[PDB]
Each structure stands twice: as C-alpha cells, then as structure tokens.
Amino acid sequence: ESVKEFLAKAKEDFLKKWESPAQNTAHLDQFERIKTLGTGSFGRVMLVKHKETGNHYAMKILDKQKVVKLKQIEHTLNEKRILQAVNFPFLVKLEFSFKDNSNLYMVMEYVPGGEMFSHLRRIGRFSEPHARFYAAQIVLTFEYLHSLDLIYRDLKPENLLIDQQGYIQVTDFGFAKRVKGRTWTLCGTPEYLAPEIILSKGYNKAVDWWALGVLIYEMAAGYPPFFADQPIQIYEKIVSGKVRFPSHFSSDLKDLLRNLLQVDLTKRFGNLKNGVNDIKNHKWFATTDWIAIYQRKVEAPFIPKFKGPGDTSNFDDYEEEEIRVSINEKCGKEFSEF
C-alpha cells in the first residue's frame, strides 16, 4: 500500500509537468563545450560547463533536419516532454532544454562513471550479485515509468550510465512514449526487441520486461541471448525464442530469465495479474532489499574512478565535429513545442 501511495503522489507530480512542459530554459552561449561523450543513431552528447555556475552537464545535440529525415519528429517531442516531467533516483535529470535555427538541445546532469556497456565489455561479465544490483534498479525504474503510462523501449547497456556512487542512471528517452493502449512503432535495438515487435503486432509495456530479460542475460553472460552478424539473423533467433544459458548461470537466474524471455504474453513476468511483484518476489531477488535500493543505501559492487569534476576517462574518445548554427531557421513548425 505504501508503494501504491508513493506512485500516486509521483503521478500527480508528473502530470503537472506533462501538461505544462518547461521550454526554452537556457541558451547555447551559456555553456562551454568541452568534449564528446557519446554518439547514437540520432544525436551527439557533449560534456559542457555552465559558465555562470561552473557546473558540468551532458548536452545532447540533435540536428533538426536529421531528425526529420529519420522520421523521428514525434519521438523527439516525446523524448523531451517526458524527460522533463519525470523524477526518480535512477533516471537522469534534465536540467535545461532549448533550440536554435539548426539544433535541439537537452542539457542533462553529467553522469561521470561511463556507460555500463564499456565496463561490461572490458570486465567480460558481471557476477550474479553485481548484475542483480543493477537489475533491481531497472525493475524499480520500470515500475515507476509504467505507472505513469510510459513505455521506455530502448533498454541496453549503451543507454545505462554509472554514477559516482556506482548506481545506474537511465538515459535516452528517444523511444519513450505515453500510451494507454497498444502501440505499433518498429523501434528499439535489434538484440533487445521482443518477438511481438519483430512480428509487427501491436504491443505494450511487456516489451520492456522482455528487454530486462535480455539485459540481465547479457550482464551475467557477457554476451546477449540472441546474437549474430546481421539484425535479420538476430530476429530469426528471437522469434524462435529458444534460449541457451551458460552453465555457470544459477538455477534461480535461469528460471527468472525463462519467465522474462517468454514469447507467450499470457505468461511473461511483468505482464501477469501480479504485475511487477512476480519479479520482485522471484527467488533470484530474495536477497534484494527493494526499499534500501531505492534509498541508495546499498553499497555498490564498484565505484568508478573519478580524477576530477570534468574528467571523462570513463568514456571512449570520439571524433569532434563543429557545431554549426545556420542563419536560417530549419523545421520551425515541426518542433514548435520543443
């Protein structure tokens, strides 16, 4: 009942911001651009320093014309409208947003510990208690997002950042959507797509729980449950749904993953009468103190190295590119509400 009432208050908070979104709350000239932290299919994210406060932030830059070509206009409006409205300990905070003639800009808190992705590839795999610590945070974050009628749709290590205390921050709300019924857009990342997305069925928040199953498998194995050299091959494996587990996977871990990586929607954990509690009460999570995790009272498995305020040593290096702002406004109508 306490979770229920917590989520009720959170929804009140969310809806006020959802209906009256923050807009135009800084300007590009207020930030010193330092270094690129990462790129994705759509945007480039740079470390910046706010001149007036000396705070460091991570600034996502989207080229409006590219957003249009890739048919991501409504998605990008979703992304900013949702991210500015949410508030949870494992969701990256949006501090400012604004636009100019050429680009859209989302200025977030800078999460300095790097992508989960880079640590996972370098170390090889996480032990089960390590993976469980991260998994617990995703479970609570999805409980929160889904209670707001939000579907996230891009869970993967590349979109999960480690903070200074070793906790997860979820970034990249590019495919997040507020929807009460089914939805139909083919989006996500190939290794993480639920079968019903691949098969062009309408789908719902159960796809996020499937993706949690992929993430837990990849964390604990060091490779995804379905991989190949090309996406088409990956899709064939996903739809067959046959999963093989490393021999070091515990009995409890295999059982959880069989229930998350479940092609039958009437059987998939997260999607049953008991909702998220089928997951929270599973044997693999028996040692998890869900409230202590929410309160960030649990000692983390590891703490990223941190040499200073603006240090970027936990991120790969990227080729830097000039931020050019055209003297003519591009796509003004399309992004009027941003």
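Start at 1 with the first residue shown and count on from there. Rigid core: the largest C-alpha set superposing within 1.5 Å between the two forms.
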- Task: After fitting on the rigid core, pick out whichever of 238 to 246 or 214 to 222 shows the bigger RMS C-alpha deviation in 9 other deposited structures of this protein.
- Result: 238 to 246
- Query: After a core fit, does 127 to 135 or 225 to 233 show the bigger CA gap to the shown form in 9 other deposited structures of this protein?
  - Reply: 225 to 233
- Task: Output the stretch having the higher mean C-alpha B factor in the entry; the candidates are 227 to 235 and 69 to 77.
- Result: 227 to 235
- Query: If you average the CA temperature factors over each stretch, which comes out higher, 175 to 183 or 248 to 256?
  - Reply: 248 to 256
- Ranked against its chain, the third holding the CA B-factor of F338: middle
- Note on the structure: For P157, the third of its chain by CA B-factor is the lowest
- Of the three thirds of the chain ranked by Cα temperature factor, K64 occupies the lowest
- Ranked against its chain, the third holding the CA B-factor of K201: highest
- Message: By the recorded C-alpha temperature factor, relative to the other modelled residues in its chain, which third is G241 in?
- Response: highest
